[PDB]
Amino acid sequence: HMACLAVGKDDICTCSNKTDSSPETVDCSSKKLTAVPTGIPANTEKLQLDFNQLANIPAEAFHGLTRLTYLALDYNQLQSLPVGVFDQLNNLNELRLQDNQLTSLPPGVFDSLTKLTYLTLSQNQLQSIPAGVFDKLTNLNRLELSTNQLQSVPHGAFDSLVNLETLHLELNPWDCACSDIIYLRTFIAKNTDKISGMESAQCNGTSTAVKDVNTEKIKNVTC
């Protein structure tokens, strides 16, 4: 068995042609899948692999899905993402990766996604974020990093996000005892007026708000 028998014919997943209320959809959600099925039609616009039991994504799983605008991989058991897994996905608008077990991301993993508007990485266990990982996402409106293991963010990580409207940073063990936090502290203070949801970023996860931190003491303490 595969994902679809045709564009509008189900197999494992529910497969719909594009309609006036929905894009061309392959719905594999809630199927307890342990593997990404083959047979995902080339013109698929919306791929829902959320709420399954995927532990690995094949590196070439999404190659050729040029029309993909929506990709849901949230609520699985992903420990990592393959290098280049989202390359070629030029038309992607939404990428849902929340509620996995991601500890890290490959550099340049989002680079092809120049039309991405919504990115969720919340409820994982990201220990760090690679430098420049968001630099290509100039059309991003909403980014969710809440509930992870981030102690800091690389200098200038959000600077290319000129169209950002919403950024969630809460429930992260932010390290406000060293100089690396100053960039984050500064970004929140400067952009709380144009980007929402940032003020919940707290030192050590649940302590003093990063935004209100006294930086004079730690400005010279190297992390």
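The first residue of the sequence shown is number 1, and the count goes up from there.
K.L.:
Going by the B-factors listed in the PDB entry, is the mean over the C-alpha atoms higher for 123 to 131 or for 138 to 146?
P.N.:
Mean C-alpha B-factor is greater for 123 to 131.
K.L.:
Taking only the CA atoms, which stretch has the higher mean B-factor in the record, 157 to 165 or 188 to 196?
P.N.:
Looking at the record's C-alpha B-factors, the answer is 188 to 196.
K.L.:
Between 55, 47, 176, 171, which one tops the list for C-alpha B-factor in the PDB entry?
P.N.:
Of the candidates given, the C-alpha B-factor peaks at 176.
K.L.:
Specify which of 59, 26, 68, 182 carries the largest Cα B factor in the deposited PDB entry.
P.N.:
Among 59, 26, 68, 182, the highest C-alpha B-factor in the entry belongs to 182.
K.L.:
Test of reading the entry: by CA B factor among the chain's modelled residues, which third contains residue 79?
P.N.:
Middle third.
K.L.:
Taking the C-alpha B-factors as the PDB entry records them, is residue 209 in the lowest, middle or highest third of its chain?
P.N.:
For residue 209, the deposited C-alpha B-factor lands in the middle third.
K.L.:
In terms of the chain's CA B-factor thirds, is residue 101 lowest, middle or highest?
P.N.:
Tercile = middle for this residue's CA B-factor.
K.L.:
Can you tell me whether residue 10 has a C-alpha B-factor in the lowest, middle or highest third compared with the other modelled residues of the same chain?
P.N.:
Tercile = lowest for this residue's CA B-factor.
K.L.:
Lowest, middle or highest third: where is residue 19 by Cα B-factor in its chain?
P.N.:
Within its chain, residue 19 is a middle-third residue by C-alpha B-factor, going by the deposited values.
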